[PDB]
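> As input, take query.csv (CSV, C-alpha atoms and all ligand atoms):
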```
chain,number,residue,atom,x,y,z
A,458,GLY,CA,129.9,49.8,89.5
A,459,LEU,CA,130.4,46.7,87.1
A,460,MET,CA,127.9,48.0,84.5
A,461,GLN,CA,129.9,49.4,81.4
A,462,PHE,CA,128.4,51.0,78.3
A,463,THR,CA,129.5,49.2,75.0
A,464,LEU,CA,128.8,50.4,71.5
A,465,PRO,CA,128.5,48.4,68.2
A,466,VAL,CA,131.9,47.5,66.7
A,467,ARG,CA,131.9,50.3,64.0
A,468,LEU,CA,131.1,53.0,66.6
A,469,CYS,CA,133.5,51.4,69.3
A,470,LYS,CA,136.3,51.9,66.6
A,471,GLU,CA,135.2,55.1,64.8
A,472,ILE,CA,134.4,57.0,68.1
A,473,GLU,CA,138.2,57.2,68.9
A,474,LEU,CA,138.8,59.2,65.6
A,475,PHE,CA,138.4,63.0,65.5
A,476,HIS,CA,136.2,62.9,62.4
A,477,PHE,CA,133.5,60.6,64.1
A,478,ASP,CA,129.9,61.6,63.2
A,479,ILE,CA,127.5,60.6,66.1
A,480,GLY,CA,124.8,59.6,63.6
A,481,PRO,CA,121.0,60.4,63.2
A,482,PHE,CA,119.7,58.1,66.1
A,483,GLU,CA,119.1,60.7,68.8
A,484,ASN,CA,118.4,57.9,71.3
A,485,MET,CA,122.0,56.7,71.2
A,486,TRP,CA,123.7,60.1,71.9
A,487,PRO,CA,123.3,59.8,75.7
A,488,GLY,CA,125.0,56.3,75.7
A,489,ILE,CA,127.7,57.7,73.4
A,490,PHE,CA,128.3,60.5,76.0
A,491,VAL,CA,128.4,58.2,79.0
A,492,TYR,CA,130.7,55.8,77.0
A,493,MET,CA,133.1,58.8,76.5
A,494,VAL,CA,133.0,59.9,80.2
A,495,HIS,CA,133.7,56.3,81.3
A,496,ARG,CA,136.8,55.8,79.0
A,497,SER,CA,138.0,59.4,79.5
A,498,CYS,CA,137.5,59.9,83.3
A,499,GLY,CA,136.7,56.4,84.8
A,500,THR,CA,133.5,54.4,85.6
A,501,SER,CA,133.9,56.0,89.1
A,502,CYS,CA,133.9,59.8,88.1
A,503,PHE,CA,130.0,60.1,88.4
A,504,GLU,CA,127.1,58.2,90.0
A,505,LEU,CA,125.5,56.7,86.8
A,506,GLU,CA,121.9,57.4,88.2
A,507,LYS,CA,122.8,61.2,88.7
A,508,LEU,CA,124.7,61.4,85.4
A,509,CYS,CA,121.8,60.0,83.3
A,510,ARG,CA,119.4,62.4,85.1
A,511,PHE,CA,121.8,65.4,84.4
A,512,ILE,CA,122.2,64.3,80.7
A,513,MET,CA,118.4,64.2,80.1
A,514,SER,CA,117.8,67.6,81.8
A,515,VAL,CA,120.6,69.1,79.7
A,516,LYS,CA,119.0,67.5,76.5
A,517,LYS,CA,115.6,69.0,77.5
A,518,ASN,CA,117.1,72.6,77.9
A,519,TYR,CA,118.5,72.5,74.3
A,520,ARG,CA,115.9,73.8,71.8
A,521,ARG,CA,114.7,72.6,68.3
A,522,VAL,CA,117.0,74.9,66.3
A,523,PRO,CA,118.7,73.9,63.1
A,524,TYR,CA,122.4,74.0,64.4
A,525,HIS,CA,122.8,75.0,68.1
A,526,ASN,CA,120.9,71.9,69.3
A,527,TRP,CA,121.4,68.7,71.3
A,528,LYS,CA,123.4,67.1,68.4
A,529,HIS,CA,125.9,70.0,68.5
A,530,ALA,CA,126.3,69.6,72.3
A,531,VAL,CA,127.3,65.9,71.8
A,532,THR,CA,129.4,66.5,68.7
A,533,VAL,CA,131.4,69.2,70.6
A,534,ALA,CA,131.8,66.8,73.7
A,535,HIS,CA,133.0,64.1,71.3
A,536,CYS,CA,135.8,66.3,69.9
A,537,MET,CA,136.9,67.2,73.4
A,538,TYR,CA,136.9,63.4,74.1
A,539,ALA,CA,139.2,62.7,71.2
A,540,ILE,CA,141.6,65.6,72.3
A,541,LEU,CA,141.7,64.3,75.9
A,542,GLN,CA,142.3,60.6,74.8
A,543,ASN,CA,145.2,61.6,72.4
A,544,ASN,CA,146.8,63.7,75.3
A,545,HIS,CA,146.4,61.2,78.2
A,546,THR,CA,148.9,62.6,80.7
A,547,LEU,CA,148.5,66.4,80.1
A,548,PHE,CA,145.2,66.9,82.1
A,549,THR,CA,144.1,66.6,85.8
A,550,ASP,CA,141.2,64.3,87.0
A,551,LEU,CA,139.2,67.5,87.5
A,552,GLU,CA,139.8,68.9,84.0
A,553,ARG,CA,138.7,65.7,82.3
A,554,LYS,CA,135.5,65.7,84.4
A,555,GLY,CA,134.8,69.4,83.9
A,556,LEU,CA,135.6,69.8,80.1
A,557,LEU,CA,133.3,67.0,78.8
A,558,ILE,CA,130.4,68.5,81.0
A,559,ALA,CA,131.4,72.1,79.8
A,560,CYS,CA,131.1,70.9,76.2
A,561,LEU,CA,127.7,69.2,76.7
A,562,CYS,CA,126.4,72.4,78.4
A,563,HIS,CA,128.3,75.0,76.3
A,564,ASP,CA,125.2,76.2,74.2
A,565,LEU,CA,122.3,75.4,76.7
A,566,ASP,CA,119.0,77.1,75.8
A,567,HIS,CA,120.5,78.7,72.6
A,568,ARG,CA,117.7,80.4,70.5
A,569,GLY,CA,119.7,80.3,67.2
A,570,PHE,CA,120.7,84.1,67.5
A,571,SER,CA,124.1,85.8,67.9
A,572,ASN,CA,125.0,88.1,70.8
A,573,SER,CA,124.8,91.0,68.2
A,574,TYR,CA,121.1,90.2,67.6
A,575,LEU,CA,120.2,90.1,71.4
A,576,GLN,CA,121.9,93.6,71.8
A,577,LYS,CA,120.1,95.2,68.8
A,578,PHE,CA,116.8,93.5,69.8
A,579,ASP,CA,117.5,94.8,73.3
A,580,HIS,CA,116.8,91.3,74.8
A,581,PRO,CA,116.7,91.2,78.7
A,582,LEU,CA,119.8,88.9,78.6
A,583,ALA,CA,121.7,91.8,76.9
A,584,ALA,CA,121.0,94.0,80.0
A,585,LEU,CA,121.9,91.3,82.5
A,586,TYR,CA,125.2,90.4,80.7
A,587,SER,CA,126.9,93.1,78.5
A,588,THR,CA,129.6,90.9,76.9
A,589,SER,CA,129.5,87.1,76.0
A,590,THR,CA,125.7,87.4,76.5
A,591,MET,CA,124.6,83.9,75.4
A,592,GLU,CA,127.7,82.3,77.0
A,593,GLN,CA,127.1,83.7,80.5
A,594,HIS,CA,123.4,82.5,80.0
A,595,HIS,CA,124.8,78.9,79.1
A,596,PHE,CA,126.9,78.8,82.3
A,597,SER,CA,123.9,80.1,84.3
A,598,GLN,CA,121.7,77.3,82.9
A,599,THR,CA,124.5,74.7,83.7
A,600,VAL,CA,124.6,75.8,87.4
A,601,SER,CA,120.7,75.7,87.5
A,602,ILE,CA,120.6,72.1,86.2
A,603,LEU,CA,123.4,71.2,88.6
A,604,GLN,CA,121.2,72.5,91.5
A,605,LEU,CA,118.1,70.4,90.7
A,606,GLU,CA,117.5,67.6,93.3
A,607,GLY,CA,119.3,64.4,92.1
A,608,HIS,CA,121.4,66.3,89.5
A,609,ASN,CA,124.6,67.1,91.5
A,610,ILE,CA,127.1,64.9,89.5
A,611,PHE,CA,129.9,66.6,91.5
A,612,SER,CA,128.5,65.7,95.0
A,613,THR,CA,131.6,63.5,95.9
A,614,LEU,CA,134.1,66.4,95.3
A,615,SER,CA,135.3,68.5,98.3
A,616,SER,CA,134.0,72.1,98.7
A,617,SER,CA,137.3,73.5,97.0
A,618,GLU,CA,137.5,70.8,94.2
A,619,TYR,CA,133.8,71.6,93.5
A,620,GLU,CA,134.7,75.3,93.2
A,621,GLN,CA,137.8,74.5,90.8
A,622,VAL,CA,135.5,72.3,88.5
A,623,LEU,CA,132.7,75.0,88.3
A,624,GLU,CA,135.5,77.6,87.6
A,625,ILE,CA,137.0,75.3,84.8
A,626,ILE,CA,133.4,74.9,83.3
A,627,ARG,CA,132.8,78.7,83.5
A,628,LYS,CA,136.0,79.7,81.8
A,629,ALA,CA,135.5,76.8,79.3
A,630,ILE,CA,131.9,78.0,78.4
A,631,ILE,CA,132.9,81.8,78.3
A,632,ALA,CA,135.8,80.8,75.8
A,633,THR,CA,133.2,79.6,73.2
A,634,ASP,CA,132.4,83.3,72.6
A,635,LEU,CA,134.2,83.5,69.2
A,636,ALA,CA,134.8,87.3,69.9
A,637,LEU,CA,137.3,86.2,72.6
A,638,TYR,CA,139.0,83.5,70.5
A,639,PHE,CA,141.1,85.9,68.2
A,640,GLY,CA,143.1,87.6,71.0
A,641,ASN,CA,143.2,84.3,73.0
A,642,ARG,CA,145.0,82.6,70.0
A,643,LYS,CA,147.3,85.7,69.2
A,644,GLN,CA,148.6,85.4,72.8
A,645,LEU,CA,149.0,81.6,72.7
A,646,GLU,CA,150.8,82.1,69.3
A,647,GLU,CA,153.3,84.7,70.8
A,648,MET,CA,153.8,82.6,74.0
A,649,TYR,CA,154.6,79.4,72.0
A,650,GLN,CA,157.1,81.1,69.5
A,651,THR,CA,159.0,83.2,72.2
A,652,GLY,CA,159.0,79.9,74.2
A,653,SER,CA,157.2,81.4,77.3
A,654,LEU,CA,154.2,78.9,77.2
A,655,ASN,CA,154.2,77.0,80.6
A,656,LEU,CA,151.4,74.5,81.3
A,657,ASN,CA,152.0,74.8,85.1
A,658,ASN,CA,151.1,78.5,84.9
A,659,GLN,CA,147.3,78.3,85.6
A,660,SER,CA,146.6,81.5,83.4
A,661,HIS,CA,148.4,79.6,80.5
A,662,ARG,CA,146.3,76.3,81.0
A,663,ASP,CA,143.2,78.6,81.0
A,664,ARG,CA,144.2,80.0,77.5
A,665,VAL,CA,145.0,76.4,76.1
A,666,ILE,CA,141.6,75.0,77.5
A,667,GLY,CA,139.9,78.0,75.7
A,668,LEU,CA,141.5,77.1,72.4
A,669,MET,CA,140.5,73.5,72.8
A,670,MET,CA,136.9,74.8,73.4
A,671,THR,CA,137.1,76.9,70.2
A,672,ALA,CA,138.5,73.8,68.3
A,673,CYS,CA,135.7,71.5,69.7
A,674,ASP,CA,133.1,74.2,69.0
A,675,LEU,CA,134.1,74.5,65.3
A,676,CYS,CA,134.8,70.7,64.8
A,677,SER,CA,132.1,70.4,62.1
A,678,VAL,CA,134.8,71.9,59.7
A,679,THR,CA,137.0,68.9,60.7
A,680,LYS,CA,134.6,66.2,59.5
A,681,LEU,CA,134.5,64.3,56.2
A,682,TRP,CA,133.3,66.6,53.4
A,683,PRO,CA,129.7,65.2,53.2
A,684,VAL,CA,129.2,65.8,57.0
A,685,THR,CA,130.8,69.3,56.8
A,686,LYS,CA,128.7,70.4,53.7
A,687,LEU,CA,125.4,69.2,55.3
A,688,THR,CA,126.2,70.9,58.7
A,689,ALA,CA,127.0,74.2,56.7
A,690,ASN,CA,123.3,74.2,55.6
A,691,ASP,CA,122.1,73.9,59.3
A,692,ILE,CA,124.5,76.8,60.3
A,693,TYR,CA,123.3,79.1,57.4
A,694,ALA,CA,119.6,78.3,58.2
A,695,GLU,CA,120.1,80.0,61.6
A,696,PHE,CA,122.2,82.9,60.1
A,697,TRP,CA,119.6,83.6,57.5
A,698,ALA,CA,116.7,83.4,60.1
A,699,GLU,CA,118.7,86.0,62.2
A,700,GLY,CA,119.2,88.0,59.0
A,701,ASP,CA,115.4,88.0,58.5
A,702,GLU,CA,115.0,89.2,62.1
A,703,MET,CA,117.6,92.0,61.5
A,704,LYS,CA,115.5,93.2,58.5
A,705,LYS,CA,112.4,93.2,60.8
A,706,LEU,CA,114.3,95.6,63.2
A,707,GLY,CA,114.9,97.9,60.1
A,708,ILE,CA,118.7,96.8,59.8
A,709,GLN,CA,120.4,95.4,56.7
A,710,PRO,CA,122.2,92.3,58.0
A,711,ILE,CA,125.8,91.4,57.2
A,712,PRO,CA,126.0,89.3,54.0
A,713,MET,CA,126.8,86.1,56.0
A,714,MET,CA,123.2,86.3,57.3
A,715,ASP,CA,121.4,87.7,54.2
A,716,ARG,CA,119.6,84.8,52.4
A,717,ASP,CA,119.5,86.9,49.2
A,718,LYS,CA,123.3,86.4,49.1
A,719,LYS,CA,123.3,82.5,49.2
A,720,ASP,CA,125.6,82.8,46.1
A,721,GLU,CA,128.5,84.3,48.2
A,722,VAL,CA,128.6,81.2,50.7
A,723,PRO,CA,131.6,79.4,49.1
A,724,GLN,CA,133.7,82.7,49.4
A,725,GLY,CA,132.4,83.2,53.0
A,726,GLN,CA,133.5,79.6,53.9
A,727,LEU,CA,137.0,80.5,52.4
A,728,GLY,CA,137.2,83.6,54.6
A,729,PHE,CA,136.1,81.6,57.7
A,730,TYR,CA,138.6,78.8,57.1
A,731,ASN,CA,141.5,81.2,56.5
A,732,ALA,CA,140.5,83.8,59.2
A,733,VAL,CA,139.3,81.4,62.0
A,734,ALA,CA,139.3,77.5,61.5
A,735,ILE,CA,142.9,77.0,60.0
A,736,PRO,CA,144.6,79.4,62.4
A,737,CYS,CA,142.7,77.8,65.3
A,738,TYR,CA,143.8,74.2,64.5
A,739,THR,CA,147.3,75.3,63.5
A,740,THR,CA,148.0,76.9,67.0
A,741,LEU,CA,146.3,73.9,68.6
A,742,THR,CA,148.5,71.4,66.7
A,743,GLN,CA,151.7,73.4,67.8
A,744,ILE,CA,150.6,73.2,71.5
A,745,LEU,CA,149.1,69.7,71.3
A,746,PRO,CA,150.8,67.8,68.5
A,747,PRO,CA,148.5,64.7,68.6
A,748,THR,CA,145.5,67.0,67.5
A,749,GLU,CA,147.1,67.4,64.0
A,750,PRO,CA,144.3,65.2,62.3
A,751,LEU,CA,141.9,68.2,63.1
A,752,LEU,CA,144.2,70.6,61.1
A,753,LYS,CA,144.5,68.0,58.3
A,754,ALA,CA,140.7,67.5,58.0
A,755,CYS,CA,140.2,71.3,58.1
A,756,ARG,CA,142.7,71.9,55.3
A,757,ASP,CA,140.9,69.0,53.3
A,758,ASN,CA,137.5,70.9,53.6
A,759,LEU,CA,139.1,74.3,52.7
A,760,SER,CA,140.3,72.5,49.5
A,761,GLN,CA,136.7,71.1,49.0
A,762,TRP,CA,135.2,74.7,49.2
A,763,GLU,CA,137.9,76.0,46.7
A,764,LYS,CA,136.6,73.2,44.4
A,765,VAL,CA,133.0,74.4,44.9
A,766,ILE,CA,134.1,77.9,43.7
A,767,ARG,CA,135.9,76.6,40.6
A,768,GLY,CA,132.5,75.0,39.6
A,769,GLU,CA,134.0,71.4,40.1
A,770,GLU,CA,131.0,70.8,42.5
A,801,LIG,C1,132.3,86.2,57.4
A,801,LIG,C2,131.4,85.3,56.6
A,801,LIG,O1,130.7,85.8,55.5
A,801,LIG,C3,130.0,84.7,55.0
A,801,LIG,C4,129.2,84.9,53.8
A,801,LIG,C5,129.3,86.1,53.1
A,801,LIG,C6,128.5,86.3,52.0
A,801,LIG,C7,127.5,85.3,51.6
A,801,LIG,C8,127.5,84.1,52.3
A,801,LIG,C9,128.3,83.9,53.4
A,801,LIG,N1,130.3,83.6,55.7
A,801,LIG,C10,131.2,83.9,56.7
A,801,LIG,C11,131.6,83.0,57.8
A,801,LIG,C12,130.5,82.1,58.2
A,801,LIG,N2,130.7,81.4,59.5
A,801,LIG,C13,130.8,82.2,60.7
A,801,LIG,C14,130.8,81.6,62.0
A,801,LIG,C15,130.8,80.2,62.1
A,801,LIG,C16,130.8,79.4,60.9
A,801,LIG,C17,130.8,77.9,61.1
A,801,LIG,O2,131.0,77.3,62.2
A,801,LIG,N3,130.8,77.1,59.9
A,801,LIG,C18,130.7,75.7,59.8
A,801,LIG,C19,130.5,75.0,58.5
A,801,LIG,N4,130.3,73.7,58.4
A,801,LIG,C20,130.4,73.0,59.6
A,801,LIG,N5,130.6,73.5,60.8
A,801,LIG,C21,130.7,74.8,61.0
A,801,LIG,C22,130.7,80.0,59.6
A,801,LIG,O3,130.6,79.4,58.5
A,802,MG,MG,127.8,79.2,71.6
A,803,ZN,ZN,128.6,75.7,70.1
```
Represent the structure contained in this file as structure tokens.
Ligand SMILES: Cc1oc(-c2ccccc2)nc1CCn1cccc(C(=O)Nc2cncnc2)c1=O
Ligand SMILES: [Mg+2]
Ligand SMILES: [Zn+2]


Amino acid sequence: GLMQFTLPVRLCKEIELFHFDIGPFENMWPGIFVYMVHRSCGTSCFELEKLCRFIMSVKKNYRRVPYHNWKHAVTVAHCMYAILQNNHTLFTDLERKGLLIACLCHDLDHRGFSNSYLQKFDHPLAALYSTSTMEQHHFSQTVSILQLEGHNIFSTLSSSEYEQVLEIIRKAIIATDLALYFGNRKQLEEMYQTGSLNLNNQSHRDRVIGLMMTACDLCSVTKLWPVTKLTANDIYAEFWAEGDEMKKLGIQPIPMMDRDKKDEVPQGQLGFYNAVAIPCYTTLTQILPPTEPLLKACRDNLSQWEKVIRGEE
């Protein structure tokens, strides 16, 4: 009860900022997560013994892939932490609990391959789940780990609170399917401009939580340039591996995934920032004004990719 987590001074200060990098010391990421749950939720939200056992089972069920790994899980949870802390009064006790857990679990047991690749490979998961294939798998794994003896971090919730929190986590994890983001943001855009956005409308919260999830999922574009640039290598290492696997099925991959087209990466980053990242953080800033630093950092990195193209690096 009276046991807090405390971080070194630089981390204690920097962890509050959106652009925080969790660092290369794997062994400190669990403490970083608990620290965030305690300041975001309360020291009382979860039994520390059960939380710590949940965290380590979740870590174990992330795989050794270049990008969709344990470090991504914690990076995405930290961004959600910064959004929740800069928007104190907007979210329920249940939402704060559910969303940090949703983020930590959002890519559980990822193999480093897109939903497309599962479908063309004809992976069993593609037969079991026709849309948002990996994302329904991630939710499935989350519920599995929650049902291990000693791992029910929600045991103190009522039968109906427990159902609301698992339903927040499910919608939250499904929303990380980037195919669903485009229409989700178009609707949020229309609702905000025509003035119909209403945060007491549950179907409207759902949409806003989904955009937060896209924003946290993409947050590597909102870091300082050297973090963003080096994460971009991790992300292309998966894409090109998937491209290789497409070629093995007798299919020319999209250029994004073709390692023979490394040269077109700077232009692909531009497309991505203009088509996905910038629009995402724009609409998010409109709905949640204190998340503007994400939009600003994103624009800064777009400007850095433009410099790469002009041969200024
Ligand atoms: C459509 C297209 O075509 C090309 C292309 C084309 C020809 C030759 C080389 C690349 N790239 C893209 C977009 C690539 N893409 C798609 C999805 C997600 C990300 C992403 O989360 N990026 C990211 C970067 N740094 C930190 N965190 C995250 C991403 O970059
Ligand atoms: Mg994912
Ligand atoms: Zn992710």

> Got a sec: who's within 7 Å of residue A:751, counting only C-alpha atoms, leaving out chain neighbours fewer than 5 positions off, as a list in words?

residues 475, 679 and 738 of chain A

> In Å, with one decimal, what is the gap from atom CA of residue A:474 to atom CA of residue A:522?

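Straight-line distance from atom CA of residue A:474 to atom CA of residue A:522 works out to 26.9 Å.
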
> Have a look at A:558, A:466, A:512, A:759 and name the one nearest to residue A:732; count all atoms listed in the file.

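Nearest to residue A:732: A:759.
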
> Which residues are near ligand LIG 801 (chain A) - at most 9 Å, using only C-alpha atoms and all ligand atoms? Format: as a PyMOL selection string.

chain A and resi 524+635+674-680+684-693+696+711-730+732-734

> As an exercise, work out the distance from atom CA of residue A:491 to atom CA of residue A:520 in Å and give it to one decimal place.

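For atom CA of residue A:491 relative to atom CA of residue A:520, the distance reads 21.2 Å.
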
> Between atom CA of residue A:562 and atom CA of residue A:627, what is the distance in Å, rounded to a tenth?

10.3 Å

> Which residues are near ligand ZN 803 (chain A) - at most 8 Å, using all atoms listed in the file? Format: as a CSV table (one decimal) with C-alpha atoms, in the frame of the given file.


```
chain,number,residue,atom,x,y,z
A,525,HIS,CA,122.8,75.0,68.1
A,529,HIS,CA,125.9,70.0,68.5
A,530,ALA,CA,126.3,69.6,72.3
A,533,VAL,CA,131.4,69.2,70.6
A,563,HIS,CA,128.3,75.0,76.3
A,564,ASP,CA,125.2,76.2,74.2
A,633,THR,CA,133.2,79.6,73.2
A,674,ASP,CA,133.1,74.2,69.0
A,675,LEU,CA,134.1,74.5,65.3
```

> Have a look at A:549, A:641, A:542, A:514 and name the one nearest to residue A:565; count all atoms listed in the file.

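Among the listed residues, the smallest separation from residue A:565 belongs to A:514.
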
> Pick out the closest residue to ligand MG 802 (chain A) from this set: A:668, A:636, A:745, A:754. Count only C-alpha atoms and all ligand atoms.

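With only C-alpha atoms and all ligand atoms as the atom set, the closest residue is A:636.
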
> My list of candidates is A:743, A:615, A:682, A:581. Which is closest to residue A:762 when distances are computed with all atoms listed in the file?

A:682

> Do a neighbour search on residue A:744 at 9 Å with all atoms listed in the file, toss out local chain neighbours closer than 2 positions, and write the hits as a list in words.

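Once the adjacent positions are removed, what remains is residues 645, 649, 654, 665, 739, 740, 741, 742, 746 and 748 of chain A.
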
> What does the file look like for those residues with C-alpha atoms, as a compact mmCIF listing (two decimals), in the coordinates of the input?


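Below you can see selection.txt, which holds the result:
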```txt
# COMPACT_ATOMS: atom_id res chain seq x y z
CA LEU A 645 149.00 81.60 72.70
CA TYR A 649 154.60 79.40 72.00
CA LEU A 654 154.20 78.90 77.20
CA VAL A 665 145.00 76.40 76.10
CA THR A 739 147.30 75.30 63.50
CA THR A 740 148.00 76.90 67.00
CA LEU A 741 146.30 73.90 68.60
CA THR A 742 148.50 71.40 66.70
CA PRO A 746 150.80 67.80 68.50
CA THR A 748 145.50 67.00 67.50
```

> Which one is closest to residue A:595: A:576, A:571, A:653, A:518? Count only C-alpha atoms.

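Among A:576, A:571, A:653, A:518, it is A:518 that comes nearest to residue A:595.
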
> Identify which of the residues A:703, A:537, A:631, A:637 lies closest to ligand MG 802 (chain A), counting all atoms listed in the file when measuring atom-to-atom distances.

A:631
